[PDB]
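Beneath this line is the structure, given in structure tokens, with notes to follow.
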Amino acid sequence: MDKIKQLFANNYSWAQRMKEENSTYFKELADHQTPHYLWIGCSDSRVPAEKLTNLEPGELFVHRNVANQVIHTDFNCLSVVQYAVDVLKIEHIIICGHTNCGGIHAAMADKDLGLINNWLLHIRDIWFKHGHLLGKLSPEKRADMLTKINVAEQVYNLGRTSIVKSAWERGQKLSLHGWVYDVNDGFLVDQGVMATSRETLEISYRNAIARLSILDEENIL
Amino acid sequence: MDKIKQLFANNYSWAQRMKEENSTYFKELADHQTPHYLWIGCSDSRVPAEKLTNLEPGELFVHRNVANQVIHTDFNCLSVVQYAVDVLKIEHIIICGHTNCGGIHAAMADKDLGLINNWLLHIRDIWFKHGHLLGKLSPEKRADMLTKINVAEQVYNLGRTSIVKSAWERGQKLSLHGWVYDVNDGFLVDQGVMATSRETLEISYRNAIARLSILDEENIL
Amino acid sequence: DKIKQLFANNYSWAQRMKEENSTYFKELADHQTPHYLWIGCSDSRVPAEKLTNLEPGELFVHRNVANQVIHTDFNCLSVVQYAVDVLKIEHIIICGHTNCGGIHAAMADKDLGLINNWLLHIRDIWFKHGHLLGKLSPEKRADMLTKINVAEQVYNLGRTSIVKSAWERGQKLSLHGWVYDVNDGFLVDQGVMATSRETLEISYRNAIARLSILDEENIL
Amino acid sequence: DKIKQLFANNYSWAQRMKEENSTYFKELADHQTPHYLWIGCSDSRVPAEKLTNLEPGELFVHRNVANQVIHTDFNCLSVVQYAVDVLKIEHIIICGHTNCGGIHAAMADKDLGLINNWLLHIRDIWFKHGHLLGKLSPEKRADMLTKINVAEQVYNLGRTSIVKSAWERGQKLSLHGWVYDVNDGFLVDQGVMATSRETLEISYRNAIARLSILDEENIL
Ligand SMILES: [Co+2]
Ligand SMILES: [Co+2]
Ligand SMILES: [Co+2]
Ligand SMILES: [Co+2]
């Protein structure tokens, strides 16, 4: 209103300032025609992907949804992956989770929020998968563990899609990554699930969970 | 590989450089706990939303999919909207399209791409909706018109979801926007579909199409 | 109580069968793989087995509100890819019905909740033919929409990557769109019938054109 | 040819009915609104009408591969919200079947295409019970998975916002999970039966525990 009019003014000021400087930005960008990374992050979008990775303009192909999920039967996410992998021939897909995630917390609370709750049931199913692990943890540290287990689970989901299986069976080079950053520092931490094939997917996911299962005593009660 | 290791180095360099400067960035961000805008853009993600709008960190709630679609029965997009509107109480949803869009072009070509084609059928259905308009145009200008008609159609879809209808029937303040930017300049151009209610949705969408239907003769053959 | 009735009915039926030495279950298992995919409405007014008098297990069945093949519905598309790629079914039939609650719900202004999102595809279809349906007597609209809806769903299925790929590799696959009137149960072809991309384009445009000729008793 | 057969059968059937002055269509229309939602498998080995001997139009029906209620499937959730919110159906039944191709497909290593994504939910379910199913003789696994799958689907439906909201507002809604053996057609309750969140939690955990006791003839 005031806000939208501002936004257009902000934008104009920027775009025009880019003209009055014949700015290479839109030239540099158009030369990176095709992205090299598919980035699956959360709609929370706290610290922008472009800022975490400092990749140049147009390098990232991006999907965001609530709590950075790759649901087995989500047409939306799968289309993005199939297009990225089969059409764009992208060789890295990054799933990025983040701490203090609204979806993670909502998946965890009892409030019935409406339609989103259904979306969040998959995180709840995951929470239950590692219920022993998570109840062996401090209530105020659970959201953070769950965020990481989530990322690891989402990578495992990604690597089980028929799109990714079929890209690997057919020879394509494709690596899967699962990372989290603390919103207070923005350090990307690899969660351990990294696959370039079906066998490394399974070995890698089992190892990551095993690794997540050794608790620092500053996490236990 | 080399690329991923680089990314982590880039990221480390950034995050650490943010420490050695006790940088307010992550403090400022955490004070914008809740977003004020839902931004539905394309996974192409050419010019980042944060750069178009120059909004401060954490202000945007973001969804991206191929060709910035709001499909009536997409659980993924709808969850993002229902969460944004009902939980986050966001009062502006922006659908942003962009020129030279990979999905737009793919929707337009005959190549069978696999799974993504199904996703793109909705754009094809739209292309057919304005077939008279678009065949009354220069072949090299069609993708650009289709990009804009798309945005306008997606806003019209958004404003017809039960989530948005029900937010309006129940008194909530919610405005819908549909914009495109040229990837060569980044000027956000409003496409005319702007609604704050069901009646302004319909009036606004009819007017936008009517307006799109008057051609400059530098667009006609 | 309602459930107790249903277990009882079920027991009476399945025992009536065991003690009779019923060849039914035996005969059902000798038909391991179906030959038709039938995509119908959840209203399911008269069952596909009654309409088609097919041998048990010949039908692979998907039902959803108003018998849609929505471009991006994982569920129906999963059913289709499995019937086509895996089960090698060579006939997919979409079958509407008159007096379809799904069709009536799509046209009413009422705000019903989540199902309205599902039915917005129908509304998009009603708009594409708003001229025709608008040249028509409003009380006859639902029945025309029932039929147009079926024709669009066949056009939709014919355009799925799954069907196109089945056709590009020589697989024999044909698509059908039928409606039956709930008052007599007769299966009426709606004219869209495809065995290929080209035949899909032609009968579709043909079906619509033939649907768009209104009887002057209904014309506005 | 296969289609000509089906129109012929259909004509013979619906005419047999008209000339007989069949009370069937009349009686069908006096049952405008169904009372059960039935979520079944597309394999559709024996039809819900045969299993339940219900009066025509009592069943509102959704079928998909392996009878799933997937948390985020618009299609099934559209069927459920419409049966529950709009049609006021007070019974939702999920019904598995033994010798389910969907269940067999989920367990096989084979890469079948898009349908494998659909079946990954089943695999997640198989893993959740991999201990139990792993304590079990491999050739008996599919039948146990058929039954566990049904129990998880009821647990899934019981957790949808739609069912929870129907329960939070006092609406009478109960959920059922049944399996029938394709060799005899008997409807067997799998123990998860819910009329509320609390009863959902208890019978679910109860059903699994009772499913997890293996007959020593099958124990590893
Ligand atoms: Co988040
Ligand atoms: Co684009
Ligand atoms: Co119907
Ligand atoms: Co089955």
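Every chain is numbered from 1 and lettered A, B, ... according to where its sequence line falls, protein lines coming before strand lines. The figures here come from the full heavy-atom set of this structure, side chains too, leaving out hydrogens, waters and symmetry mates.
- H62(D) and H62(C) have perpendicular rings, their planes meeting at more than 60° on a 0 to 90° scale where under 30° would count as parallel.
- Both the backbone and the side chain of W118(D) come within less than 4.5 Å of a heavy atom in chain C.
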Check against side-chain contact (heavy atoms from CB on, under 4.5 Å), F74(C) and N64(D): CA-CA 10 Å; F74(C) 222 99; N64(D) 63 44; over 6 Å; no
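- Closest heavy-atom contact between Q81(D) and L112(C): NE2-O, 2.8 Å.
- The cationic group of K18(C) does not satisfy the cation-pi geometry with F186(D), failing either the under 6.0 Å distance to the six-membered ring centre or the 45° limit from the ring axis.
- Heavy atoms of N99(D) lying under 4.5 Å from chain C are absent altogether.
- Put simply, the side chain of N10(C) gets close to the backbone of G185(D): a donor and an acceptor are under 3.5 Å apart.
- Of the two parts of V80(D), neither the backbone nor the side chain holds a non-hydrogen atom closer than 4.5 Å to a non-hydrogen atom of chain C.
- For the pair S42(D) (side chain) and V61(C) (backbone), a donor-acceptor distance under 3.5 Å is present.
- Looking at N183(D), only its backbone comes within 4.5 Å of chain C, counting heavy atoms on both sides.
- Few gaps surround NZ on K172(D); more than 12 heavy atoms of other groups in view lie less than 6.0 Å from it.
- Ranked by heavy-atom pairs under 4.5 Å with chain D, the first of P56(C), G113(C), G40(C) is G113(C).
- When every heavy atom of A14(D) is checked against every heavy atom of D184(C), the shortest pair comes out as CB-O, 3.3 Å.
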Are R45(C) and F25(D) close enough, and set up right, to give a side-chain contact (heavy atoms from CB on, under 4.5 Å), and what steps lead you there? CA-CA 10 Å; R45(C) 304 304 295 165; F25(D) 300 115; over 6 Å; no
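- If you measure heavy-atom distances from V79(D) to chain C, the contacts under 4.5 Å come from both the backbone and the side chain.
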Determine, stepwise, if the pair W178(D) / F7(C) fulfils ring-ring contact (aromatic ring centres under 6.0 Å, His included). CA-CA 10 Å; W178(D) 304 342; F7(C) 279 99; 4.5 Å; yes
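- When all heavy atoms of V65(D) and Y82(C) are compared, the closest pair comes out as CG2-CD2, 4.4 Å.
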